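2 protein chains.
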Amino acid sequence: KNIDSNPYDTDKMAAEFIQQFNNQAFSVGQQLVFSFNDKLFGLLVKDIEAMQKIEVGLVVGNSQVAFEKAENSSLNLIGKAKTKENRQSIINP
Amino acid sequence: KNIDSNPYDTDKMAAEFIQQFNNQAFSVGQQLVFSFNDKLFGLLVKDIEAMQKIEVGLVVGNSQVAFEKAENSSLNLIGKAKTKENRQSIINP
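Below, the structure written as structure tokens:
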């Protein structure tokens, strides 16, 4: 009911996620609720990178977050955190 | 109702199928349920080959699985295998 195409900066979302979840654990595939600019979103932890692939880990201040739009969603995301724009050449590869 | 257009790779799901079903009994035409990333799939055994076609065989660590999306199934798979044929003449004896 709150879907919109308004822009959202992915790096800002990552910074807020780290700030609110600093020193808080996360496991691959975890489904949670995330607050960005008083806007609610559903987040699925797709991958965890060791700083080795581990199913679970602990969030720290320097951890990066890469936000990819869920397929079939109109959410508009911008920034270099995960993806902002992509092009698909017309010629067959 | 859980059907979705999100791509699925047969390699990952086949590796997990083996991990969760390796060193177990499998019969031709056997039906079971398989979990992959908290997603349930119905699997039907079509044809079995022994490392010789066997009615019942024991999946193992080195077991190989070729997965085919069911007929009239929107599942996206990066692999499948099914082959059989024959031929006749075009001159009455």
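Keeping their order, the protein sequence lines are chains C and B. Reading the first sequence from the start, the letters are residues 105 to 155, 170 to 211 in the entry's author numbering. Reading the second sequence from the start, the letters are residues 105 to 155, 170 to 211 in the entry's author numbering. Beta carbons are placed, not taken as given, at the ideal position from N, Cα and C, and that holds for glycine.
| Asked | Found |
| --- | --- |
| Per-residue contacts from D142 (chain B) into chain C (C-beta, under 8 Å) | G133 |
| Top-ranked residue by Cα proximity to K202 (chain B), from B:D151, B:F145, B:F130 | B:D151 |
| Under 9 Å by beta carbon: chain C residues contacting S109 (chain B) | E189, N190 |
| Reference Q134 (chain B); option with closest CA among B:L176, B:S207, B:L195, B:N210 | B:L176 |
| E120 (chain B) (DSSP reduced to helix, strand or coil) | helix |
| Rounded C-alpha distance that separates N204 (chain B) from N127 (chain B) | 35 Å |
| Residue environment, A118 (chain B), which counts as buried when at least 16 other CB atoms sit within 10 Å | buried |
| Nearest-angstrom Cα separation, counted from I196 (chain B) out to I209 (chain B) | 41 Å |
| Nearest-angstrom beta carbon gap, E173 (chain C) and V137 (chain C) [assumed within contact, 8 Å] | Not quite, the Cβ-Cβ distance comes to about 21 Å (not below 8 Å), so this is no contact. |
| Helix, strand or coil at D108 (chain B) [DSSP, three-state] | coil |
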